[PDB]
Amino acid sequence: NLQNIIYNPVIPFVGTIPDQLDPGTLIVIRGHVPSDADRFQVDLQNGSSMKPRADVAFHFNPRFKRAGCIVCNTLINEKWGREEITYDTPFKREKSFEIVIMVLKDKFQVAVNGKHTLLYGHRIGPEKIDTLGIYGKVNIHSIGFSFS
Ligand SMILES: OC[C@H]1O[C@@H](O[C@H]2[C@H](O)[C@@H](O)[C@H](O)O[C@@H]2CO)[C@H](O)[C@@H](O)[C@H]1O
């Protein structure tokens, strides 16, 4: 029901994903937003190069300034694509969360605390994703996977 679990990773976190993100796969991320957070992000990456920066198939980016939002996008050859902004965000400073990223055939389906949050259509085949990055102001209790 959950495997390859990593606990209290240091942020910034970069880790290799154990198996392939095929339709049906869940990525489960539990954490807490620090009282002073501006933003954090979960990036599903093709590799871990820093310079040049690895491509990001799915960038999921809660932001806390202003009214708060989540920005999602894809990074290819160090250039961002079209931004998808979700203004109804469940994240709050000083509150804990369970993010479930469900890989479907045509998109990611993301829920927080069991409530649907957003959809993100695949722009790169998810089979090419091999690295998970978590950056910014966030505390992560655990990262787990359930494949297929
Ligand atoms: O698209 C994700 C990417 O956005 C960058 O910031 C954008 C911003 O989100 C956009 O709404 C604003 O109007 O212009 C900025 C130009 O880049 C971030 O810098 C980056 O880290 C990603 O989050």
# chains A, B, ... in the order shown; residues from 1 in each chain; ligands from 1
>>> residues_near_ligand(ligand="ligand 1", cutoff="12 Å", atoms="only C-alpha atoms and all ligand atoms", output="PyMOL selection string")
chain A and resi 38-43+53+56-63+65+68-76+78-87+135-136
>>> residues_around(residues="residue A:9", least_positions_apart="6", cutoff="12 Å", atoms="only C-alpha atoms", output="ChimeraX atom specification")
/A:15,29-31,132-135,138-144
>>> closest_residue(among="A:20, A:48, A:25, A:35", to="residue A:128", atoms="only C-alpha atoms")
A:20
>>> closest_residue(among="A:8, A:117, A:77, A:109", to="residue A:91", atoms="only C-alpha atoms")
A:117
>>> closest_residue(among="A:26, A:54, A:124, A:44", to="residue A:103", atoms="only C-alpha atoms")
A:26
>>> atom_distance(atom1="atom CA of residue A:113", atom2="atom CA of residue A:28")
10.6 Å
>>> residues_around(residues="residue A:100", least_positions_apart="4", cutoff="6 Å", atoms="only C-alpha atoms", output="NGL selection string")
:A and (27-28 or 110-111)
>>> write_last_selection(atoms="N, CA, C and O atoms", output="PDB file, in the first residue's frame")
ATOM      1  N   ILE A  27       1.886   8.924  -5.943  1.00  0.00           N
ATOM      2  CA  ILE A  27       2.960   9.508  -5.135  1.00  0.00           C
ATOM      3  C   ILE A  27       2.294  10.214  -3.957  1.00  0.00           C
ATOM      4  O   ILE A  27       1.379  11.008  -4.167  1.00  0.00           O
ATOM      5  N   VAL A  28       2.731   9.897  -2.734  1.00  0.00           N
ATOM      6  CA  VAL A  28       2.085  10.374  -1.512  1.00  0.00           C
ATOM      7  C   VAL A  28       3.108  11.153  -0.713  1.00  0.00           C
ATOM      8  O   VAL A  28       4.142  10.606  -0.341  1.00  0.00           O
ATOM      9  N   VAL A 110      -4.410  15.464  -8.756  1.00  0.00           N
ATOM     10  CA  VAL A 110      -3.848  15.788  -7.451  1.00  0.00           C
ATOM     11  C   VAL A 110      -4.968  16.068  -6.458  1.00  0.00           C
ATOM     12  O   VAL A 110      -5.866  16.865  -6.728  1.00  0.00           O
ATOM     13  N   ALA A 111      -4.881  15.423  -5.299  1.00  0.00           N
ATOM     14  CA  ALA A 111      -5.776  15.649  -4.173  1.00  0.00           C
ATOM     15  C   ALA A 111      -4.948  15.988  -2.943  1.00  0.00           C
ATOM     16  O   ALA A 111      -3.824  15.511  -2.778  1.00  0.00           O
TER      17      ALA A 111
END
>>> closest_residue(among="A:3, A:14, A:145, A:67", to="residue A:99", atoms="only C-alpha atoms")
A:145
>>> residues_around(residues="residue A:108", least_positions_apart="5", cutoff="9 Å", atoms="only C-alpha atoms", output="ChimeraX atom specification")
/A:58,101-103,118-122
>>> write_last_selection(atoms="C-alpha atoms", output="PDB file, in the first residue's frame")
ATOM      1  CA  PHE A  58       5.273  18.382 -13.814  1.00  0.00           C
ATOM      2  CA  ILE A 101      -0.471  12.680  -7.051  1.00  0.00           C
ATOM      3  CA  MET A 102      -2.306  10.040  -9.065  1.00  0.00           C
ATOM      4  CA  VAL A 103      -0.855   9.271 -12.495  1.00  0.00           C
ATOM      5  CA  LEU A 118      -6.307  20.028  -9.689  1.00  0.00           C
ATOM      6  CA  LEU A 119      -5.656  18.145 -12.897  1.00  0.00           C
ATOM      7  CA  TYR A 120      -2.561  18.565 -15.069  1.00  0.00           C
ATOM      8  CA  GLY A 121      -2.463  17.104 -18.570  1.00  0.00           C
ATOM      9  CA  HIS A 122       0.699  15.239 -19.519  1.00  0.00           C
TER      10      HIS A 122
END
>>> residues_around(residues="residue A:18", least_positions_apart="6", cutoff="9 Å", atoms="only C-alpha atoms", output="JSON, numbers by chain")
{"A": [4, 130, 131, 145]}
>>> residues_around(residues="residue A:129", least_positions_apart="3", cutoff="6 Å", atoms="only C-alpha atoms", output="PyMOL selection string")
chain A and resi 45-46+126
>>> closest_residue(among="A:98, A:88, A:2, A:19", to="residue A:32", atoms="only C-alpha atoms")
A:98
>>> atom_distance(atom1="atom CA of residue A:21", atom2="atom CA of residue A:55")
16.0 Å
>>> select_by_dssp(residues="stretch 3-126 of chain A", states="strand (DSSP E or B)", output="VMD selection string")
chain A and resid 3 to 7 13 to 16 26 to 32 39 to 46 55 to 63 69 to 76 79 to 80 84 to 86 96 to 103 107 to 112 115 to 121
>>> closest_residue(among="A:107, A:93, A:66, A:137", to="residue A:22", atoms="only C-alpha atoms")
A:107
>>> decode(residues="stretch 66-79 of chain A", atoms="N, CA, C and O atoms", output="PDB file, in the first residue's frame")
ATOM      1  N   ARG A  66       0.149  36.976  -1.339  1.00  0.00           N
ATOM      2  CA  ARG A  66      -1.147  37.438  -1.847  1.00  0.00           C
ATOM      3  C   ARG A  66      -2.205  36.456  -1.333  1.00  0.00           C
ATOM      4  O   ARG A  66      -2.085  35.954  -0.204  1.00  0.00           O
ATOM      5  N   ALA A  67      -3.226  36.149  -2.130  1.00  0.00           N
ATOM      6  CA  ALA A  67      -4.297  35.247  -1.728  1.00  0.00           C
ATOM      7  C   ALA A  67      -3.888  33.781  -1.769  1.00  0.00           C
ATOM      8  O   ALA A  67      -4.685  32.918  -1.382  1.00  0.00           O
ATOM      9  N   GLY A  68      -2.681  33.474  -2.232  1.00  0.00           N
ATOM     10  CA  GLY A  68      -2.302  32.091  -2.420  1.00  0.00           C
ATOM     11  C   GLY A  68      -2.832  31.502  -3.712  1.00  0.00           C
ATOM     12  O   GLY A  68      -3.905  31.872  -4.204  1.00  0.00           O
ATOM     13  N   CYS A  69      -2.072  30.565  -4.266  1.00  0.00           N
ATOM     14  CA  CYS A  69      -2.448  29.858  -5.473  1.00  0.00           C
ATOM     15  C   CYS A  69      -1.534  28.652  -5.581  1.00  0.00           C
ATOM     16  O   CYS A  69      -0.614  28.466  -4.774  1.00  0.00           O
ATOM     17  N   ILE A  70      -1.818  27.828  -6.581  1.00  0.00           N
ATOM     18  CA  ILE A  70      -0.894  26.792  -7.032  1.00  0.00           C
ATOM     19  C   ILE A  70      -0.613  27.033  -8.507  1.00  0.00           C
ATOM     20  O   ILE A  70      -1.553  27.200  -9.297  1.00  0.00           O
ATOM     21  N   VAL A  71       0.654  27.113  -8.870  1.00  0.00           N
ATOM     22  CA  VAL A  71       1.067  27.198 -10.265  1.00  0.00           C
ATOM     23  C   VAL A  71       1.595  25.838 -10.701  1.00  0.00           C
ATOM     24  O   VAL A  71       2.423  25.233 -10.000  1.00  0.00           O
ATOM     25  N   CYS A  72       1.160  25.372 -11.865  1.00  0.00           N
ATOM     26  CA  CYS A  72       1.701  24.152 -12.444  1.00  0.00           C
ATOM     27  C   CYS A  72       2.226  24.450 -13.836  1.00  0.00           C
ATOM     28  O   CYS A  72       1.675  25.296 -14.568  1.00  0.00           O
ATOM     29  N   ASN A  73       3.287  23.763 -14.223  1.00  0.00           N
ATOM     30  CA  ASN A  73       3.916  24.001 -15.518  1.00  0.00           C
ATOM     31  C   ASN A  73       4.881  22.866 -15.825  1.00  0.00           C
ATOM     32  O   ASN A  73       5.052  21.932 -15.026  1.00  0.00           O
ATOM     33  N   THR A  74       5.534  22.989 -16.980  1.00  0.00           N
ATOM     34  CA  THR A  74       6.534  22.062 -17.478  1.00  0.00           C
ATOM     35  C   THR A  74       7.741  22.865 -17.949  1.00  0.00           C
ATOM     36  O   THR A  74       7.591  23.894 -18.625  1.00  0.00           O
ATOM     37  N   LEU A  75       8.936  22.388 -17.597  1.00  0.00           N
ATOM     38  CA  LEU A  75      10.199  23.037 -17.945  1.00  0.00           C
ATOM     39  C   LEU A  75      10.893  22.147 -18.954  1.00  0.00           C
ATOM     40  O   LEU A  75      11.182  20.985 -18.654  1.00  0.00           O
ATOM     41  N   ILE A  76      11.168  22.689 -20.143  1.00  0.00           N
ATOM     42  CA  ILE A  76      11.864  21.966 -21.203  1.00  0.00           C
ATOM     43  C   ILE A  76      13.011  22.842 -21.689  1.00  0.00           C
ATOM     44  O   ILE A  76      12.803  24.013 -22.034  1.00  0.00           O
ATOM     45  N   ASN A  77      14.214  22.281 -21.710  1.00  0.00           N
ATOM     46  CA  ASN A  77      15.406  23.016 -22.143  1.00  0.00           C
ATOM     47  C   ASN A  77      15.493  24.376 -21.452  1.00  0.00           C
ATOM     48  O   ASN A  77      15.738  25.411 -22.077  1.00  0.00           O
ATOM     49  N   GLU A  78      15.282  24.365 -20.137  1.00  0.00           N
ATOM     50  CA  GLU A  78      15.428  25.537 -19.288  1.00  0.00           C
ATOM     51  C   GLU A  78      14.407  26.639 -19.559  1.00  0.00           C
ATOM     52  O   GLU A  78      14.576  27.764 -19.075  1.00  0.00           O
ATOM     53  N   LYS A  79      13.319  26.343 -20.273  1.00  0.00           N
ATOM     54  CA  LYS A  79      12.260  27.308 -20.535  1.00  0.00           C
ATOM     55  C   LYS A  79      10.916  26.776 -20.052  1.00  0.00           C
ATOM     56  O   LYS A  79      10.519  25.661 -20.399  1.00  0.00           O
TER      57      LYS A  79
END
